[PDB]
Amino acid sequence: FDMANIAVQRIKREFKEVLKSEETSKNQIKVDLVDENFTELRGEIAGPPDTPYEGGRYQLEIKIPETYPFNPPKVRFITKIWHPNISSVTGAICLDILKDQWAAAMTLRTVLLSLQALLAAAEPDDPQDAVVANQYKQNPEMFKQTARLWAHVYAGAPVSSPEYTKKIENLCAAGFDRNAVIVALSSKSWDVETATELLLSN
């Protein structure tokens, strides 16, 4: 039915804050009510400029705990993304403010802004996704191109590698599920052989 008053009033206040913010007027962040009692929200953030994510928009599932504001929201990327601190499979996020560094003065606005800042500054030595973190460290340029490909396919960003696109359409035309294909190629250094071998393992 209803959450505790302190939680209700905090979410209402923070929701209004996002609605009125310069950041939402500049189309950088937003929040949408999913549930009338404020326990679930949907966020969106713009990819930051001069990153592989630029031009993309990333949707977020936000669940507000009963203990709000003393524990963080649970946040997950709905939009698929290629980033060392986010699971390429589940959208689970590795960020201290969602874990052990939450403070009660933090808000929906500052969480959304911190997630955009995380896109612009990955921490690969404390990763959520080992495969992506390894690629980020061992082959920066391949990482950038892969992240940009995912931004284009999943988040609506304008550009991506023609090479990569051709490999994807090749495997999709061969009868494999497109998401499976993207994942396989992205995880196997874009090598059609090892990616195909992985796809046949299923």
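One-based numbering along the sequence shown.
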Quick note on 164-172 and 65-73: per-entry mean CA temperature factor is higher in 164-172
Stretch with the higher entry mean CA B-factor, where the candidates are 101-109 and 125-133: 125-133
Out of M142, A46, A151, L41, which shows the largest CA B-factor listed in the entry? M142
Take the CA temperature factors straight from the PDB entry and tell me which of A155, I29, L60, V159 peaks. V159
Lowest, middle or highest third of the chain for the C-alpha temperature factor of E193? highest
Sorting the chain's modelled residues by C-alpha B-factor and splitting them into thirds places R10 in the lowest
